[PDB]
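Asker: Chains as they are written, first to last, in the authors' numbering: chain B, 345 to 572; chain C, 345 to 574; chain D, 345 to 568.
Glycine included, each C-beta is placed from N, C-alpha and C at the ideal position.
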Amino acid sequence: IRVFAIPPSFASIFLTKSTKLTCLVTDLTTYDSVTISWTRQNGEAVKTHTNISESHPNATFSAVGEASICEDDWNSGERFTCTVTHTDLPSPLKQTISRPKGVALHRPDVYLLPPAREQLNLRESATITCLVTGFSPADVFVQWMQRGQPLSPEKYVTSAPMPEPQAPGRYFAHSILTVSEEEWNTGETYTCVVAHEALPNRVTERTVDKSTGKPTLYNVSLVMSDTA
Amino acid sequence: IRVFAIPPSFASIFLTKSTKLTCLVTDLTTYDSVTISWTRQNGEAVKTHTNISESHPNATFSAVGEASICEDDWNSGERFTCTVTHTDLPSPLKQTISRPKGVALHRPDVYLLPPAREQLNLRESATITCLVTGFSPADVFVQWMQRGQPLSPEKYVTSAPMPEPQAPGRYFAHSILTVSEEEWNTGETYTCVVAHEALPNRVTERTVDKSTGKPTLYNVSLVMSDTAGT
Amino acid sequence: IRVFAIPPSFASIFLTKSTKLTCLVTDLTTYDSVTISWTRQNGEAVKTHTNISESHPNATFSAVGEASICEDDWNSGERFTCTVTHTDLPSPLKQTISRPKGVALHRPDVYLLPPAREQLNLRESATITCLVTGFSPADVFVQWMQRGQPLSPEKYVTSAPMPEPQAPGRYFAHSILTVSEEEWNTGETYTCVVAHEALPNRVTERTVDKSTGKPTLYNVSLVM
Ligand SMILES: *[C@@H]1O[C@H](CO)[C@@H](O)[C@H](O)[C@H]1NC(C)=O
Ligand SMILES: *[C@@H]1O[C@H](CO)[C@@H](O)[C@H](O)[C@H]1NC(C)=O
Ligand SMILES: *[C@@H]1O[C@H](CO)[C@@H](O)[C@H](O)[C@H]1NC(C)=O
Numbered sequence: 345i346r347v348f349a350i351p352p353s354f355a356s357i358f359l360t361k362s363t364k365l366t367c368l369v370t371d372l373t374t375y376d377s378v379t380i381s382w383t384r385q386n387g388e389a390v391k392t393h394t395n396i397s398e399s400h401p402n403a404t405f406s407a408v409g410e411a412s413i414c415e416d417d418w419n420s421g422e423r424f425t426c427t428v429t430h431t432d433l434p435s436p437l438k439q440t441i442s443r444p445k446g447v448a449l450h451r452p453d454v455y456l457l458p459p460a461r462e463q464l465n466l467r468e469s470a471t472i473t474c475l476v477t478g479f480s481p482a483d484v485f486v487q488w489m490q491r492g493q494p495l496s497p498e499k500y501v502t503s504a505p506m507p508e509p510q511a512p513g514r515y516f517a518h519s520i521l522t523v524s525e526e527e528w529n530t531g532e533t534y535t536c537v538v539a540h541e542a543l544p545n546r547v548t549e550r551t552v553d554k555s556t557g558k559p560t561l562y563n564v565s566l567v568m569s570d571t572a
Numbered sequence: 345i346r347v348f349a350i351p352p353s354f355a356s357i358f359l360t361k362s363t364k365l366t367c368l369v370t371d372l373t374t375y376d377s378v379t380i381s382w383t384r385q386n387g388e389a390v391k392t393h394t395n396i397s398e399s400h401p402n403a404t405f406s407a408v409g410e411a412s413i414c415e416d417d418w419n420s421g422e423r424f425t426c427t428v429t430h431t432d433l434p435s436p437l438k439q440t441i442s443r444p445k446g447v448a449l450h451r452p453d454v455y456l457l458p459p460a461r462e463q464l465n466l467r468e469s470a471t472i473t474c475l476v477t478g479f480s481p482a483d484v485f486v487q488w489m490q491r492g493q494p495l496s497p498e499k500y501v502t503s504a505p506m507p508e509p510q511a512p513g514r515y516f517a518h519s520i521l522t523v524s525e526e527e528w529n530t531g532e533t534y535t536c537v538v539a540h541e542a543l544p545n546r547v548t549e550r551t552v553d554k555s556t557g558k559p560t561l562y563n564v565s566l567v568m569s570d571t572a573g574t
Numbered sequence: 345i346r347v348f349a350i351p352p353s354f355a356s357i358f359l360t361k362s363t364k365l366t367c368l369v370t371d372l373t374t375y376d377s378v379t380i381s382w383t384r385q386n387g388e389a390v391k392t393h394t395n396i397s398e399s400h401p402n403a404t405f406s407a408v409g410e411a412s413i414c415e416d417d418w419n420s421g422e423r424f425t426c427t428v429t430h431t432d433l434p435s436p437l438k439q440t441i442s443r444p445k446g447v448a449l450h451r452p453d454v455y456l457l458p459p460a461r462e463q464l465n466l467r468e469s470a471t472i473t474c475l476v477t478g479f480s481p482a483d484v485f486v487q488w489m490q491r492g493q494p495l496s497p498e499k500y501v502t503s504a505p506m507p508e509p510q511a512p513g514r515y516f517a518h519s520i521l522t523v524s525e526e527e528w529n530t531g532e533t534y535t536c537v538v539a540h541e542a543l544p545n546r547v548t549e550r551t552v553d554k555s556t557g558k559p560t561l562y563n564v565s566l567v568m
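(1) Answer yes or no: does any C-beta atom of chain D fall closer than 8 Å to that of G557 (chain B)?
(2) Along chain D, in chain order, which residues have C-beta atoms closer than 7 Å to that of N563 (chain C)?
(3) Say the cut is 7 Å; is the CB of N563 (chain C) nearer than that to a heavy atom of ligand 1?
(4) In terms of DSSP beta bridges, what is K361 (chain D) paired with?
(5) Compile a chain-ordered list of the residues in the stretch 459 to 489 of chain D whose CB is closer than 9 Å to at least one CB of chain B.
(6) Are there 16 or more other CB atoms within 10 angstroms of the CB of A448 (chain D), so buried, or fewer, so exposed?
(7) Strictly below 8 Å CB to CB, what residues from chain C border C414 (chain B)?
(8) Spell out whether any CB of chain B is found under 8 Å from the CB atom of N545 (chain C).
(9) Could you check what DSSP says for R461 (chain B) in three-state terms: helix, strand or coil?
(10) Distance check for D432 (chain B) and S356 (chain B), CA to CA, integer angstroms please.
(11) Cβ closer than 8 Å: which chain C residues qualify as neighbours of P494 (chain B)?
(12) Mapping DSSP to helix, strand and coil, what is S555 (chain B)?
(13) Just verifying my parser: in three-state terms, what is the DSSP assignment at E525 (chain D)?
(14) Counting only Cβ-Cβ distances shorter than 8 Å, please list the residues of the stretch 431 to 451 of chain B near chain C, keeping chain order.
(15) Among B:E388, B:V369, B:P351, which one has its Cα closest to the Cα of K391 (chain C)?
(16) Does the beta carbon of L566 (chain C) sit closer than 8 Å to a beta carbon anywhere in chain B?
(17) In its own chain, which residues sit with a C-beta less than 8 Å from the C-beta of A411 (chain B), not counting the 5 before and 5 after it?
(18) Using 8 Å for Cβ pairs, my map puts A349 (chain C) next to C414 (chain C). What's the rounded Cβ distance?
(19) Taking the runs of the alpha helix (DSSP H) that are 4 residues or longer, which of them lie wholly in the stretch 406 to 458 of chain B?
(20) Are the C-beta of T392 (chain B) and some C-beta of chain C separated by less than 8 Å?
(21) Counting only C-beta atoms, is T502 (chain C) closer than 8 Å to chain B at any point?
(22) My guess is that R467 (chain C) and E525 (chain C) are in contact by the Cβ rule of under 8 Å, so how many angstroms apart are they, rounded?
(23) For the beta strand (DSSP E) holding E549 (chain C), just list the boundary residues, first then last.
(24) Out of C:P401, C:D483, C:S420, C:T502, which one is the CA nearest neighbour of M506 (chain D)?
(25) Name the two residues that bound the continuous beta strand (DSSP E) containing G478 (chain C).
(26) Taking the CB atoms as reference points, tell me whether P452 (chain B) and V538 (chain B) lie closer together than 8 Å.
(27) Output the distance between the C-alpha atoms of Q493 (chain B) and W488 (chain D), rounded to the nearest integer angstrom.
(28) What's the gap between the Cα of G409 (chain C) and the Cα of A542 (chain C)?
(29) Leaving out five residues on either side along the sequence, give the residues of the same chain with a beta carbon under 8 Å from the beta carbon of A470 (chain C).
(30) Please classify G421 (chain B): is it buried, with 16 or more other beta-carbons within 10 angstroms of its beta-carbon, or exposed?
(31) For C536 (chain B) versus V567 (chain B), is the C-beta spacing smaller than 8 Å?
(32) Which residues in chain C sit within 7 Å of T548 (chain B), going by Cβ to Cβ distance?
(33) Taking a contact to mean a Cβ-Cβ separation below 8 Å, would you say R423 (chain C) touches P351 (chain C) in this structure?
(34) Is the beta carbon of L372 (chain B) less than 8 Å from the beta carbon of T404 (chain B)?
(35) Can you pull out the residues from the stretch 518 to 533 of chain B whose beta carbon lies closer than 8 Å to at least one beta carbon of chain D?
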């Protein structure tokens, strides 16, 4: 009986714009009369459940049980407890869901680095990296937009957060968006959206352009002489 | 009896980090045992209703009650009804406020405008404006932060939304942050934050500084008289 | 009751080069004995109000009043009282129309702002705004002129005056001009004029174009 109730990630919270709690049974024979429900503080019980599949190649009952509940309820510590009433165990399988309060809350520092000059000289592609550093919960979401329109998820790839060597509490992550080199030369502005809990507005946007790392000063001095 | 309530705009709920709506009753006699609550169409009212204001000396109430309500439930289209029971009106008075449905949801087109040279040449101050235009509906919230830190609301003021001349459906707004010239000389982010429901992430951030724009300056210092005609 | 006595703002007197007094009749019987006051302190009667409004659908009667009063006489501070002799009230309602005096006059500091780089990069429309700062009181009739010919009122929108955050006495105003990007690229010597009483000539002009907004870039030096 593997009731792995993994809380949805913050990227999943701002991806589908809905908080779906997870209480899924793994490695168990599919049976009937399973009355799953969520019990919280003050005895509230609101639930809608779908995605029930009788047959599985691994002989594991799905019992996905995804319900839409407001984010403020999670922010209030409602301790969402799953109550899977399986036949073998008459007592409901209690699995609580709550945010691990007590962790450090450091806002990320978003830096939109310009593409390398040699790669643009190669005239093949233009990969703009979005270096996100300094976040303790390590729950970061990176999304790219062009002219205010979000791009397809397959154009940009985001690496999983990993601990920072200098700061043990803080974490860092990176993501790259690959476009054509003349697309970069066109003058389009790319915005990197970084979603995190510690941010005052929960998101942060940085804009990159052709004129973000150009040489502000040219100091050419043409000196010509006819003597040794 | 002028019955009216102020619906919680997106700007207010974005500023307060919570969704709360007020029930307001005007031109009624001063009786005790006030029972006002926002009843959802399923028949379940608000949990708590506190912070009721005190009557004006002119025998007119502007009392407002606040409660914690889910934002998804409000903006999904579910209308909220306020029940008003009092000795003056034995029949239960009802109120209704709800955001309009079917209105065009177009993202704002934010273009921050750097200040002109002459305001910098004058030594009094510098004004940085964040031109927000082409957004529907009219409601919008503009916030200014410096280096990721929120600034005081007294420094920046947001203009009231007005329709765009080209398109009647869209609207445009202004927000000016007045800062000293020496602050503009130093490198500061001075981020402009625009909040709107039609945006995907609901927040648009733009940055500006002294090095913003700044076409490349050339310093050609050529020496040619050393040849002296071979 | 209530009467919509709207004093003529500085914009109205600036546009028509004359003062057009307005005292809108509201909340009165449509076809009852009505006597609106249109006399000065001395009692002289102005010319009869023109363009009388028709019968409003509700019980309230509507009427548009106009008058031709001078500039300094209207600035002299005499009282233009609006009172109506009507049978629905035993006593007539008085709402005097007069300029409020004692307000400080501050010279506006207008500074036109070039269009943003992102707007010039996306290239859908070009919005040129004329920022008005440090003007008091809250009155403005800022305009927009194209190559010497003023643009249509519909093209430009003038924002309502609001108190300045740093200076409570002073106010600010906005006036955007939505134009084509190619028009800005070609250069149409757009100009902005702002109307205010505190200026020595009541209006000042600022000129902008594409070459404006571009500093000196080419510091080529010839030395011997
Ligand atoms: C540019 O070059 C000149 C000499 O050619 C030098 O004196 C000057 O310091 C240089 N500019 C900067 C910013 O260093
Ligand atoms: C431009 O060149 C002149 C002549 O060499 C020099 O004196 C000046 O400092 C330069 N300006 C810069 C480098 O900003
Ligand atoms: C331009 O060049 C002259 C050459 O003498 C120099 O004095 C001046 O400082 C330069 N200005 C800039 C902004 O580089």
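Answerer: So, from the listed chains and residues:
(1) no
(2) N563
(3) yes
(4) For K361 (chain D), which the question treats as bridged, DSSP gives no partner whatsoever.
(5) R461, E462, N465, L466
(6) exposed
(7) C414, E415, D416, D417
(8) Yes - at least one Cβ of chain B is within 8 Å of the one on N545 (chain C).
(9) helix
(10) 33 Å
(11) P544
(12) DSSP places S555 (chain B) outside both helix and strand once states are collapsed to three, so it counts as coil.
(13) Reduced to three states, the DSSP call for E525 (chain D) is helix.
(14) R451
(15) Just measuring C-alpha positions, the residue of B:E388, B:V369, B:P351 sitting nearest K391 (chain C) is B:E388.
(16) yes
(17) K364, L365, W382, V390, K391, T392, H393
(18) Not really, about 19 Å apart at Cβ, beyond 8 Å.
(19) Within the stretch 406 to 458 of chain B, the complete alpha helix (DSSP H) runs of at least 4 residues fall at 415 to 419.
(20) no
(21) no
(22) 6 Å
(23) 547 to 550
(24) C:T502
(25) 470 to 479
(26) yes
(27) 33 Å
(28) 28 Å
(29) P459, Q463, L464, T522, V523, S524, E525, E527, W528
(30) exposed
(31) Not in contact: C536 (chain B) and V567 (chain B) (Cβ atoms no closer than 8 Å).
(32) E549
(33) no
(34) yes
(35) Listed by position along the chain: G531, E532, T533.
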